[PDB]
Each structure stands twice: as structure tokens, then as C-alpha cells.
Amino acid sequence: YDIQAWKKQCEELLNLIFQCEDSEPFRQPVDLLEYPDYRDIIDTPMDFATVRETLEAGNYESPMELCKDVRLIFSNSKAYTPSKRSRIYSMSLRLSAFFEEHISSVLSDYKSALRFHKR
Ligand SMILES: OCCn1cc(Br)cn1
């Protein structure tokens with residue numbers, strides 16, 4: 001029932017994601033010199049360094065907010081891919097499966113802890 005435990009759990013999960021070769025295209029903001037029309041397709045860029053920085057700044061109140069930004073990295077990749085068989089999009093699908101697998105208990109434990117606090 002530790003209401004604050006999600007934060008270090010999220011830090012450790014971001015460390016695992018950064019060690020994963022599949023996170024390479026998502027570790028930093030998409031390069032606009034490389035993809036000049038990126039902002040014509042994507043309204044809200046997101047990447048794992050921005051997520052880690054937001055977390056370390058104390059700018060996430062809950063793991064649900066962190067989860068919304070991580071899922072935005074994957075939906076941006078799906079929206080920008082020219083094909084569902086592209087290398088970067090294929091890496092995003094594997095990384096998203098790995099993330100969802102690990103974030104589920106973080107979300108469950110936090111929501112359980114908050115319900116106990118308001119019991
Ligand atoms: O690497 C993030 C930029 N991007 C390229 C494709 Br394909 C989808 N998103």
C-alpha cells in the first residue's frame with residue numbers, strides 16, 4: 001500500500017527500456033532534419049528521455065500519467081510509419097509489448113494503494 005512506490009518502479013522500468021535495443025529510435029526526440037514533415041503528421045512528439053526527465057523533475061503525479069506519455073511514443077510511431085512492416089514500427093510493437101507487460105503491476109499496486117488510503 002505504498003502510494004509513492006510507483007516512482008522508483010518506473011525509474012527501473014525506464015532503465016530496462018533504455019538497455020533494450022528496440023528502444024534506440026525512441027530514446028531522444030525524432031530528428032526533424034531527418035524527418036522534415038514529422039510535425040505535419042504528429043501533433044505531440046514524445047520520447048523516453050522526455051519521459052525520464054519529466055519523472056525526475058517530479059512532474060508526474062501518478063504512473064497513469066507516465067503510461068499516457070509512453071503510449072504516445074508508440075501511437076506516434078504507428079501514425080508516422082509508411083508501412084506496418086517498417087523497421088522502426090516493428091521495434092515499437094515489441095517494445096510496447098515489453099512495456100505493457102511490466103507496467104501492469106505498477107498501475108495495479110498504485111491504484112490499490114490509493115483505494116486503501118481513501119478506505
Ligand atoms: O523513430 C521515430 C520516428 N518514426 C519513424 C517511423 Br517509421 C515512425 N516514427
Side-chain angles (χ1 to χ4, degrees), residues 1-7 9-119:
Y1 307 127
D2 181 338
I3 294 160
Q4 286 89 52
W6 63 277
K7 185 168 176 187
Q9 287 166 2
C10 283
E11 288 169 352
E12 294 166 354
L13 178 49
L14 288 163
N15 289 341
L16 294 173
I17 287 173
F18 269 91
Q19 297 170 22
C20 189
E21 292 185 358
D22 288 336
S23 66
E24 215 277 332
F26 317 104
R27 294 172 191 168
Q28 302 288 335
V30 173
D31 174 26
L32 309 183
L33 289 166
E34 185 184 347
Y35 299 106
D37 62 347
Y38 194 74
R39 299 300 313 277
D40 302 331
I41 315 295
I42 304 301
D43 296 330
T44 312
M46 191 51 61
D47 66 279
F48 288 107
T50 297
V51 169
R52 178 180 265 161
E53 282 162 1
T54 303
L55 184 66
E56 295 3 289
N59 291 353
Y60 283 131
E61 182 178 20
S62 73
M64 293 87 70
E65 287 179 354
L66 180 137
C67 192
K68 187 174 150 174
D69 284 352
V70 173
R71 288 166 176 168
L72 182 59
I73 299 173
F74 301 132
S75 61
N76 285 347
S77 185
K78 188 172 189 173
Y80 191 74
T81 190
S83 166
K84 286 195 203 175
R85 307 162 94 257
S86 83
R87 179 79 196 277
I88 291 175
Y89 176 68
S90 291
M91 283 165 96
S92 81
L93 289 177
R94 290 190 302 257
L95 194 67
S96 167
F98 178 81
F99 175 76
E100 293 299 325
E101 171 176 300
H102 289 74
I103 209 60
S104 50
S105 58
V106 177
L107 297 171
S108 293
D109 289 359
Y110 176 81
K111 301 185 179 170
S112 168
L114 217 63
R115 289 192 291 267
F116 190 73
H117 187 73
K118 309 156 170 38
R119 76 197 180 275

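Atoms considered below: every heavy atom in the structure, side chains included; atoms not considered: hydrogens, waters and symmetry mates. Throughout, residue positions are numbered sequentially from 1 according to the sequence presented. We count ligands from 1, going down the list as the structure has it; atoms in each ligand are counted the same way.
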- Query: Exactly which residues line ligand 1, taking a heavy atom under 4.0 Å from it as the test?
  - Reply: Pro25, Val30, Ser77, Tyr80, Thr81, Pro82, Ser86, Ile88
- Task: Mind running side chain to side chain contact (heavy atoms under 4.5 Å, CB included) on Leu16 and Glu12 for me, showing each step along the way?
- Result: CA-CA 6 Å; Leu16 294 173; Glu12 294 166 354; 5.9 Å; no
- Task: Output all residues satisfying side-chain contact (heavy atoms from CB on, under 4.5 Å) with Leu93, sequence neighbours left out; order by chain, then residue number.
- Result: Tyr89
- Item | For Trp6 against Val106, the heavy-atom pair lying closest together | CB-CG1, 3.9 Å
- Query: Within 45° of the axis and under 6.0 Å from the centre of the six-membered ring of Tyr1, does NZ or CZ of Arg119 qualify?
  - Reply: no
- Scanning both residues in full, the closest heavy-atom pair of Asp2 with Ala5 reads OD1-N, 3.2 Å
- Message: Could you tell me if the side chain of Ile17 sits less than 4.5 Å from the side chain of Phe26, heavy atoms only?
- Response: no
